[PDB]
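[1] part one of the complex, untouched from its place in the assembly:
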Amino acid sequence: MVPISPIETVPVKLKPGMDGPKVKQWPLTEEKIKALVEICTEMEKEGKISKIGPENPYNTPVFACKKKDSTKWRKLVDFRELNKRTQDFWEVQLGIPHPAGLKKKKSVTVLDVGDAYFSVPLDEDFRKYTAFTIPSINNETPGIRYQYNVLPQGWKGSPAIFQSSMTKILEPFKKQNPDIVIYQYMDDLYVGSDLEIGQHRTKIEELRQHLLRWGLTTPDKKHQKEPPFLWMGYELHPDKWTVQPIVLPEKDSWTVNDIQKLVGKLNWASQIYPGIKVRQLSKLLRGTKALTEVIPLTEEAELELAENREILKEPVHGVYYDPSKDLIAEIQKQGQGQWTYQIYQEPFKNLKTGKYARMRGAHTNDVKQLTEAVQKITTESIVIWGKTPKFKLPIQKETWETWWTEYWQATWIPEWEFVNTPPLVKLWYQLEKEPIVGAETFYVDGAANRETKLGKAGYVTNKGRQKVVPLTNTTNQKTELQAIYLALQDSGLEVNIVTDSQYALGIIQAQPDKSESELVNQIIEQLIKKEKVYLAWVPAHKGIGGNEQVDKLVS
Amino acid sequence: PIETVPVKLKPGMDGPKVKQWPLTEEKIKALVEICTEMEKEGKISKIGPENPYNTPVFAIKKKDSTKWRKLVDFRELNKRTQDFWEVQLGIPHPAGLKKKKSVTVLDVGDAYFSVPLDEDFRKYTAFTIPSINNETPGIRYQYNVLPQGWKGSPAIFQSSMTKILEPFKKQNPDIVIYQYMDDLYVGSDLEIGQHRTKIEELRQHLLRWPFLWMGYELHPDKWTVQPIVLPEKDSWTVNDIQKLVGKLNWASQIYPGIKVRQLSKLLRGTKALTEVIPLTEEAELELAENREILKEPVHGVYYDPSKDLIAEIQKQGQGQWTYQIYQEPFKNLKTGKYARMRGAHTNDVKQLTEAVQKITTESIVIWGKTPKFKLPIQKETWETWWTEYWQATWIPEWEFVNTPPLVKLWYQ
């Protein structure tokens, strides 16, 4: 006979055709034994845990760690076998609240529900599926087995149930206090209002008593009444916010697991620290698949790490969101596919920062990557503030106009303005739209053998110029690129090039300025040196123009 | 007082589990206000996380409409109940709708809210309203009645819709009425005044039983087709003929009678691209023969109702957008071109969105299906902006392609 709590239960079923968990216990140290027998005894008197008998043919081990630098302990469990057989839940946690999205509030209070999962009941017909024994001695007393009447920690349905139950309890209070903002993340409650300090504490206690009607306690241990508030890993001040102090390790010998933790902290620090790069550091995590393997720092990876430490020396901070002012986002190019940005409303009062350094595609240009960075910032801004910021981009209006009107794919950037901060983003060469009168016409082609990997590449021109170059260890695609490269090398400033390679033409028409292929980069270098280049395509094996002539030489 | 029609998923398929995407502030506030009214009216109910199913939701405004409309992306749930609204309770497609002079589209989705939904199927209509900056967890609802945007809604309501439209059809036997999704397609050969008058009579016929006041007018008899055309120049260069032979060779995949023998003979040698080449007597003959084949229809091209429709779109530049609708490759059922749509010369995504909506509307009128689109755009670009310009109560399937134009096939 256990009392039913005021919180409504969540009907939890299991996947059909499967039973409950039947896993043997794990032998642990005697320190964990004297740290769990007292918990099951206290939770039994409080109704959070009931005792069972032989009519419950289930079992589950119960390993446990401590709490982070605190006196108490955290009783954990191993429901990994129960989670495989428990029904799937739809998570209602859709993201993480960011302090840059918080608005200005005169009074701020951060609550913390003590015993979060232990204050929400479990489904009545589901309590039988949570069985676990507690041996008082490591190898003497068999120990009486108990069950769970609340939400156990470690079950995959516990977070979703608590977050949904907490919302239903706060709904009547929010309807009675519309002007009060309550950021609800797990059990921590961020309460803000523009009321006076005295009237704010009154509504806080009204909320504390409202939650107490459902057995939710908000003790004064983790009750925050004055800044700076530690909320979501940040330091909230009345007019600014900053990230809690980030410590970067400084080891004399760097391994693989050390760099993974280093880049992770730099990604977390790049939300308010402008100019953080992780290109050369993450480059060391390629190929090597041994977390305990020492890796020497590259000269480029050492200078990158040195510049990130100097940025973290000067303390930085972000401001809060003001809906009455516009949202501005400014992007800068850091080179080598690295982009950094700042989102603000007033000049030099950053809400947050960030970076975009993803390299997608074997061949690309700065205009494509700037477009991708704009999309990343747009979606991130809709999550945090629910609107798109006005962009300030280091690309000329005329440059952008040339790219998007001439590209074959649909592409677009939202309302933006040009900002003159080098290095400016531009297109490094422009293919002609019509053939060039007076320029030599190069008919290029390349063929390779699938078996021997041998091939040839060359050209013939209208002036009688001709070349055939034998190639070893190549493909048909590489020889077609090589044929175009030869024509660019051996021509003047203006040249017409006729190819039958859809592969090569598609790469070059997209005006790439960078590539994972040394050959494409060499082709790009030649295209920049030229004054006029016209690429034309013809179908192969049709006796068309000089393409039939050069096809005989290379094949 | 109405027995719920039992609905079951296709055998071997689970319900939709699609994550909600971020919504703008104005869309969230609109959905909160709409869902609060629907919850007060019993149309929807709040649910918990024990429902593992979820469908994305957002909001749109129709053309020249200032009123927000709730739109659920039931694309995943629809193809998981395909044997219901196509096999069990299907709607016949009238072949005369495309022949009518004027076709008006009427939103009748609100009528579905009066018919309850099967209790065992309500869990598959779950959707989640997000919050800005994740201030609060997701607010989950599920439908208690026939939801808008679900293909099972017009199928179950078809019996109710037929009895409502039965007196009007007897009064006007020459009017063709087709129902697709939340819409009603009404076509007639009457004059513009007589047509709109009969449309208003049909509106009053539905009133005696929040977007019924709107009427989007179509004219399928004015819908044009874009054939493959060849350039006509006074003088021809080596480059002009190389492009012409390249276009005719690709066109041979559609018309097997196109020849390029006499034209390729003009390019004998290794000539400069700008060298003018006069067309021979046989070249004029072969080029004139190829221009007539492009006017002749393609052999063995007809609609198969069992096959899906595919739509390809090409960005031609300067507000020009060509498209082709087919079921088998090179067997185009329709080819067309759009020009000077909204967003022309400034916004590719709005134009592409407009083009997709126009092509889908034509496909509903002509065949009664929505095609799967091959969109000439990056996935991340389309998924960032497309909802900002969507003005339709349905959503077609789409995929993303990247095909550089080796030869301008549909627009010189």
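    Thanks, I have it. Numbers count the residues shown, from 1 in each chain, chains lettered A, B, ... in the order given.
[2] alpha carbons only for contacts and neighbour counts from here, please
    Noted.
[3] what helix or strand is residue A:498 on?
    With elements taken from DSSP states H and E, the one containing residue A:498 is strand A:494-499.
[4] Quick one: check that strand for contact with chain B.
    Yes - between strand A:494-499 and chain B, judged by Cα under 8 Å from any Cα of the partner chain, the touching residues are residue A:496.
[5] just how off-centre is the next helix or strand after that strand within its chain?
    Note on strand A:494-499: by DSSP H and E, the next helix or strand toward the C-terminus is helix A:502-509. Computed by Cα atoms, centre = their mean, to the nearest Å, the separation of helix A:502-509 from the middle of its chain amounts to 32 Å.
[6] Contacts made by helix A:502-509 with the rest, please.
    Here helix A:502-509 makes contact (Cα atoms under 8 Å, 6 or more residues apart in numbering or on different chains) with A:363, A:431, A:477, A:480-481, A:499, A:535, A:537, B:404, B:406.
[7] Okay, buried residues for that helix please.
    Buried residues in helix A:502-509, counted by 16 or more other Cα atoms under 10 Å in any protein chain shown: A:502, A:504-505, A:507-509.
[8] follow-up on the earlier one: what helices or strands is the strand holding residue A:498 leaning on?
    In this structure, strand A:494-499 makes packing contacts with strand A:440-448, helix A:476-489, strand A:532-537, judged by 3 or more Cα pairs under 8 Å, 6 or more residues apart in numbering or on different chains; DSSP states H and E.
[9] As DNA strand C, please add this:
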DNA sequence: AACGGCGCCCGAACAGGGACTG
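    Adding DNA strand C to the chains above:
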């Protein structure tokens, strides 16, 4: 040694189309 959420940078596995070979 647990659960859930989001972000990054990583690699392996898989899909898809031009082009050559039997």
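[10] returning to that earlier point: the strand holding residue A:498 vs strand A:440-448, what angle?
    When axes from the mean of the first three to the mean of the last three Cα atoms, to 10 degrees is applied, the directions of strand A:494-499 and strand A:440-448 differ by 30 degrees.
[11] Per the annotation, how does the chain divide into domains?
    Here I'm looking at chain A. Here the domain parsing of chain A from curated CATH domains is A:1-92+A:118-158, A:93-117+A:159-227, A:228-321, A:322-428, A:429-555.
[12] please go with chain B instead
    According to curated CATH domains, the domains of chain B span B:6-95+B:121-161, B:96-120+B:162-217, B:218-303, B:304-410.
[13] Take those domains and lay them out in a markdown table including distance to chain A and mean neighbour count.
    Written out in a markdown table, the entries for the domains of chain B read as follows (distance: least, Cα to the nearest Cα, whole Å; neighbours: other Cα atoms under 10 Å in any protein chain shown):
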| stretch | distance to chain A | mean neighbour count |
| --- | --- | --- |
| domain B:6-95+B:121-161 | 4 | 19 |
| domain B:96-120+B:162-217 | 16 | 16 |
| domain B:218-303 | 4 | 16 |
| domain B:304-410 | 5 | 18 |
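[14] Among the ones you listed, which comes closest to DNA strand C?
    domain B:6-95+B:121-161 (7.6 Å; Cα to the nearest atom of the strand).
[15] onto the same structure, DNA strand D please:
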DNA sequence: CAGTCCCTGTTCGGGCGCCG
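    Let me add DNA strand D to what's already shown:
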């Protein structure tokens, strides 16, 4: 025509950060 290859794309799961 099949069956490969070459090349490029997406998907996914895990590494790390962070929250609870």
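[16] With DNA strand D now part of the structure, what is the answer for what packs on strand A:494-499?
    Using 3+ Cα pairs under 8 Å, 6+ apart as the contact criterion, the elements in contact with strand A:494-499 are strand A:440-448, helix A:476-489, strand A:532-537.
[17] in the second one, what's buried?
    Using 16+ other Cα under 10 Å as the test for burial, helix A:476-489 gives A:476, A:478-488.
[18] swap in stretch A:57-74?
    Neighbour-count burial for stretch A:57-74 flags A:58-62, A:64 (criterion: 16+ other Cα under 10 Å).
[19] now swap in stretch A:296-310 and tell me
    By neighbour count, and taking 16+ other Cα under 10 Å as the criterion, the buried residues in stretch A:296-310 are A:297, A:301, A:304-305, A:308.
[20] export that stretch as PDB, just CAs?
    C-alpha atoms of stretch A:296-310 as PDB (Å, rounded to 0.1, in the frame of the first residue of the first chain):
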ATOM      1  CA  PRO A 296      53.900  15.500 -32.500                       C
ATOM      2  CA  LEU A 297      52.400  18.900 -33.100                       C
ATOM      3  CA  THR A 298      52.900  20.300 -36.600                       C
ATOM      4  CA  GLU A 299      54.400  23.800 -37.000                       C
ATOM      5  CA  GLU A 300      51.000  24.800 -38.400                       C
ATOM      6  CA  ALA A 301      49.200  23.000 -35.600                       C
ATOM      7  CA  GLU A 302      51.500  24.700 -33.000                       C
ATOM      8  CA  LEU A 303      51.000  28.200 -34.300                       C
ATOM      9  CA  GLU A 304      47.200  27.600 -34.400                       C
ATOM     10  CA  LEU A 305      47.300  26.400 -30.800                       C
ATOM     11  CA  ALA A 306      49.400  29.400 -29.800                       C
ATOM     12  CA  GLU A 307      46.900  31.800 -31.400                       C
ATOM     13  CA  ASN A 308      44.000  30.200 -29.600                       C
ATOM     14  CA  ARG A 309      45.600  30.500 -26.200                       C
ATOM     15  CA  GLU A 310      46.300  34.200 -26.700                       C
END
